[PDB]
Amino acid sequence: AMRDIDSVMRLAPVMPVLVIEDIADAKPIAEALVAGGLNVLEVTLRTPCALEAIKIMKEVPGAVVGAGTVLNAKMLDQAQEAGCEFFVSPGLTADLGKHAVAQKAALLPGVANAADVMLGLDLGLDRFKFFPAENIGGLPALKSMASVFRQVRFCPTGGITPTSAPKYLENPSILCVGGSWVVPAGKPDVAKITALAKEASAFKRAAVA
Amino acid sequence: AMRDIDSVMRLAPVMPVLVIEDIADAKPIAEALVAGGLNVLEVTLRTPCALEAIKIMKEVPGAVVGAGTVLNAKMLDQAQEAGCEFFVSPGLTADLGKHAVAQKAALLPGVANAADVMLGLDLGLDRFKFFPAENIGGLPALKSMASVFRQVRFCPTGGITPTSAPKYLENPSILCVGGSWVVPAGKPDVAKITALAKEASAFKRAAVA
Amino acid sequence: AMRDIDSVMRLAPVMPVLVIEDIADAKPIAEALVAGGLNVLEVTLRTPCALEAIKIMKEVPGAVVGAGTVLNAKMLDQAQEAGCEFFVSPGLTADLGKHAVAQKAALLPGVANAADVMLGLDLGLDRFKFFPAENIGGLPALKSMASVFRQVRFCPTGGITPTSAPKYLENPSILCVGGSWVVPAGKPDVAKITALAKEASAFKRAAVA
């Protein structure tokens with residue numbers, strides 16, 4: 001079912017993009033985000049501990065944990081074995097997309113141009129990250145792409161801010177945005193993380209009442 | 001013959017990009033454009049009626065009707081069966097390009113970066129839309145690409161305006177531009193459409209005397 | 001050994017991108033660059049004489065000559081037969097990358113977005129040109145990409161200037177930059193070329209002491 005990732009995208013306005021450099025912060029970070037209503041969590045596989053951080057965050061009730069920076073079929077298998085509910089990649093290859101479809105994995109691949117979208121449509125996928133959004137033309141570029149691909153829906157990620165997120169979310173083709181601002185670099189301050197998540201959780205979306 | 005699409009690109013300075021939301025406007029729009037000298041028409045397959053609009057516009061003498069937003073081999077077959085003389089896509093996949101070559105279809109695929117051009121060259125194609133032009137660096141980005149791919153020629157599309165079109169057309173590597181400004185959104189005003197087409201038809205081109 | 005191209009990238013801060021329109025300038029240009037310490041030379045295959053210019057520049061002691069604008073496996077074979085030590089392409093296709101790996105060719109393919117990097121990683125490559133850098137978001141776009149692909153290292157090329165080159169070179173993920181400014185258009189002035197190469201040779205790099 002390719003509808004799975006579409007449902008996940010509509011659960012929350014903002015999907016935190018987590019880079020967990022200290023594994024001891026994994027549980028407090030997931031707890032603070034879930035407490036703010038941003039329970040759909042992308043744990044990027046950019047760090048040595050990341051699979052163990054995914055297993056820790058899965059222990060938080062209500063956390064919907066996915067793996068990010070899934071670059072190939074082997075990383076998808078390792079993430080799926082760790083119990084990830086969805087998978088995010090910066091871009092799309094035919095090998096990754098065919099493996100995710102064969103494995104029934106809810107993949108949310110990044111796209112930057114029309115050729116990336118067309119490859120995903122050929123694989124049966126029609127939901128994508130627009131990444132890195134602010135470096136590939138931003139909202140005006142996403143609007144031109146959404147105008148061409150009427151059945152596709154998007155999650156812009158890359159340079160999104162609390163100021164620009166509602167502007168992206170006004171577009172009916174945008175289901176959510178990705179961002180790292182909800183977890184500031186440095187030692188986690190769970191009260192500030194929860195407050196930023198509560199604010200992002202309240203963002204209005206044209207696509208989701 | 002891969003030369004077919006190159007000839008089509010040189011016929012008119014501007015190729016209208018048509019989004020026909022009301023099929024009753026198809027004939028008056030094609031008639032007004034042809035009367036202005038912009039007879040090379042891209043009817044995007046973004047709307048339910050679009051194949052029927054293509055059949056209507058083919059009835060206009062002098063209209064050279066193509067299909068746009070051709071995303072896959074099946075859409076190309078449906079457009080070719082409707083009698084389209086050429087085919088436009090926002091991007092290029094190997095499956096679409098190999099099918100167009102096998103079917104002898106005059107395809108004008110979009111490209112946004114060097115990898116897209118190299119895939120097209122591998123398929124035997126050397127004429128592309130540069131799309132969406134104004135969101136992927138515009139004329140300066142197209143100049144860098146044309147400097148690298150000396151044998152390739154381009155049709156920038158996406159954000160082109162009557163003001164910027166001559167500036168793109170000064171570049172000898174650019175054969176034409178694509179635009180939607182010639183048909184304003186709303187109920188067609190055939191006198192205004194014809195006047196805008198006559199102005200675009202007069203645009204000077206370094207590549208075409 | 002995929003480490004070969006990484007070693008080549010660290011040899012000099014700047015890799016001249018040479019477009020040799022007059023073959024008689026090939027030897028004086030290579031001699032002037034090597035005398036300035038920019039001995040890693042990319043001779044683009046954009047000109048009819050380019051393979052003969054590569055053979056001429058190989059005669060200069062200390063010149064490490066590569067071919068640029070290598071668009072397909074056949075051009076790589078012609079360059080490798082001419083004795084090129086490395087190979088540069090504006091973008092990457094699976095056919096070009098698989099051929100370079102099979103032929104043990106030190107390929108430095110261009111990338112513009114995450115899908116291009118992921119294809120290269122799938123082929124066993126992790127060193128790329130970021131091209132054309134200043135038209136695809138520049139340093140901010142390269143920073144977002146280097147943040148995602150922690151094991152990848154880059155050579156930005158396209159619009160780099162003596163002013164911006166040190167700013168790119170401050171990033172530890174950047175090993176070198178590509179540029180054409182060291183050889184100004186027109187008849188070569190070997191004293192000016194050597195002076196510009198000596199200045200670029202002195203550029204500081206976070207990645208290379």
Side-chain angles (χ1 to χ4, degrees), chain A residues 17-19 21 42 44-48 50 68-76 88-100 107-120 123 128-138 141 145 156-160 178-180 185, chain C residues 2 89-98 101 109-154 156-160 164 167-168 171-174:
Chain A
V17 177
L18 305 177
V19 182
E21 296 289 354
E42 177 195 341
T44 62
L45 305 173
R46 301 175 201 173
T47 57
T69 321
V70 172
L71 303 187
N72 58 59
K74 178 178 183 177
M75 296 180 72
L76 188 150
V88 182
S89 60
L92 181 60
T93 62
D95 282 15
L96 173 63
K98 288 177 182 176
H99 190 67
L107 178 65
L108 174 63
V111 300
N113 46 52
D116 301 328
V117 177
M118 291 172 59
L119 164 61
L123 301 176
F128 312 102
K129 268 183 26 207
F130 181 75
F131 171 87
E134 284 304 335
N135 305 123
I136 56 177
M145 173 174 289
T157 304
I160 312 297
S180 62
Chain C
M2 335 313 296
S89 60
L92 181 60
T93 62
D95 282 15
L96 173 63
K98 288 177 182 176
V101 170
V111 300
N113 46 52
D116 301 328
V117 177
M118 291 172 59
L119 164 61
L121 294 168
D122 289 354
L123 301 176
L125 311 168
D126 61 4
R127 301 292 185 261
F128 312 102
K129 268 183 26 207
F130 181 75
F131 171 87
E134 284 304 335
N135 305 123
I136 56 177
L139 185 50
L142 188 44
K143 281 180 86 288
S144 303
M145 173 174 289
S147 182
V148 174
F149 299 102
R150 303 290 194 83
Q151 308 320 315
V152 178
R153 303 293 186 270
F154 300 88
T157 304
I160 312 297
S164 61
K167 305 176 181 180
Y168 280 92
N171 194 294
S173 286
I174 291 175

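Every chain is numbered from 1, with letters handed out A, B, ... down the list of sequences.
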Minimum side-chain heavy-atom gap [X]-[Y] below 4.5 Å:
X: A:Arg46; Y: C:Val148; answer: yes
X: A:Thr69; Y: C:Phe149; answer: no
X: A:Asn113; Y: C:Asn113; answer: yes

Which of residues 123-135 of chain C have a heavy atom under 4.5 Å from any heavy atom of chain A?
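Within residues 123-135 of chain C, no residue comes under 4.5 Å of chain A, counting heavy atoms only.
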
Under a 4.5 Å heavy-atom cutoff, which of C:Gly137, C:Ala112, C:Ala115, C:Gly138 has the most pairs with chain A?
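The residue among C:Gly137, C:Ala112, C:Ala115, C:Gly138 with the greatest pair count is C:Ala115.
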
Which atoms of A:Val70 come close to chain C, meaning under 4.5 Å heavy atom to heavy atom: side chain ones, backbone ones, both, or neither?
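Contact with chain C: backbone only.
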
Which heavy-atom pair separates C:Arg150 from A:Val19 by the least distance, and what is that distance?
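Distance-wise, the nearest heavy atoms are NH2-CG1, 3.5 Å.
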
Answer with side chain, backbone, both or neither: which region of C:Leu121 has an atom nearer than 4.5 Å to a non-hydrogen atom of chain A?
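It is the side chain, since no backbone atom gets that close.
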
Measuring from atom CG of A:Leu71 to atom CG of C:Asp122, what distance do you get when rounded to the nearest 0.5 angstrom?
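Atom-to-atom, A:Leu71:CG and C:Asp122:CG are 8.5 Å apart.
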
With a cut-off of 3.5 Å and sequence neighbours excluded, list every side-chain donor-acceptor pair involving residues 89-98 of chain C.
{"residue": "C:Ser89", "atom": "OG", "partner": "C:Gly91", "partner atom": "O", "Å": "2.6"}
{"residue": "C:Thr93", "atom": "OG1", "partner": "C:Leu96", "partner atom": "N", "Å": "3.1"}

